[PDB]
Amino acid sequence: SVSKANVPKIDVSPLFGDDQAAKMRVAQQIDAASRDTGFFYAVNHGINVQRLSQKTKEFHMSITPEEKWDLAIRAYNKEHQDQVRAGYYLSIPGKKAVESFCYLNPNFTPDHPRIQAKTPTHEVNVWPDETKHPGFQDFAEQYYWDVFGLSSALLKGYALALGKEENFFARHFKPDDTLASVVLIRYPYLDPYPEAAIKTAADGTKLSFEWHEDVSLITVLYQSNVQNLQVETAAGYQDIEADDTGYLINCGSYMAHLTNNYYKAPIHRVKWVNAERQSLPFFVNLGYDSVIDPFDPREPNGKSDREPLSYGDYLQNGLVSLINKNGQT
């Protein structure tokens, strides 16, 4: 048997308010979680996740093969050279089970200065036809702002946990420029399930996605109630229990860099499960030019022997590296 990872449920509601002592007590919880397995569930987050799951299902189950080509990223459709990040990520029956749809900041419009300048990692979102998916685009853009709000509150908690003022990260996380993404992932039930879409870990576990650290500052993740994630600890890989009422939070490798690995980016992997399910991450990314000066909360003077890294450089290279390591999703 596999042991259960310690993933505490933290009521994050004080991070939306003005009770500073209560926010400090949340921050302590975040600190403890981040120093232990690296994961926690945010509860009392205020987001309607049941509705998110329903609207996402309505999309995944009604989009057609024609629409998927028309929305496909460059990796699947050579005609779409501008779509590196945003669009549809196709399955390959008999070979690849997963499929997904990614979108970015809704404020990246054709007139946005970074779109005009053609700065890497910024793209204008692509959407299906409104008549075929009524309400979907509006729902998805409002969800971006709902989970942006939750993420801003969680960043106040991380900042306080590290001994900083509450806007230490959130001042870099702004609606006009954030590189944050939503990915609506469909993991399907398949009968038969093709062995080619199943990877095997060194310890024999059947996987859908191999070990990795997240390319993010933090990751704010909703998933269906099907257990699938595992975290590497000093005691081996342990199962993260599902909670389809909460958001699963962890740090990405930008947080590890900034904190000199005091808050590690936990290594985790996705087990293969033959079940129809959803995995809906929001990757909390800063702006392209955002630079946080690294520090070390374990050293008396707080200094670190790491160099500042702009977020845009981090993200463009991190996303390419993750594809190289674990495959195009």
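Rigid core: the largest C-alpha set superposing within 1.5 Å between the two forms. For every residue, the number given is its place in the sequence shown, counted from 1.
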- Query: Relative to the presented form, and with the rigid core used for superposition, do the C-alpha atoms of 211-219 or of 229-237 deviate more in 8 other deposited structures of this protein?
  - Reply: 229-237
- Higher of the two mean Cα B-factors (258-266, 295-303; per PDB record) comes from 295-303
- Task: Give the stretch, out of 158-166 and 197-205, with the larger mean C-alpha temperature factor in the deposited entry.
- Result: 197-205
- Message: I'd like to know which of 91, 178, 152, 81 has the highest C-alpha temperature factor in the PDB entry.
- Response: 81
- Per the PDB entry, maximal CA B factor within 123, 214, 210, 191: 191
- Ranked against its chain, the third holding the CA B-factor of residue 276: lowest
- Looking at the C-alpha B-factor of residue 129, is it in the lowest, middle or highest third of its chain? highest
- Note on the structure: In terms of its chain's C-alpha B-factors, the third that includes residue 232 is the middle
- Task: Select lowest, middle or highest to describe the third in which the CA B-factor of residue 141 falls within its chain in this entry.
- Result: lowest
- Message: Using only modelled residues of the chain, where does the Cα B factor of residue 110 rank: lowest third, middle third or highest third?
- Response: highest
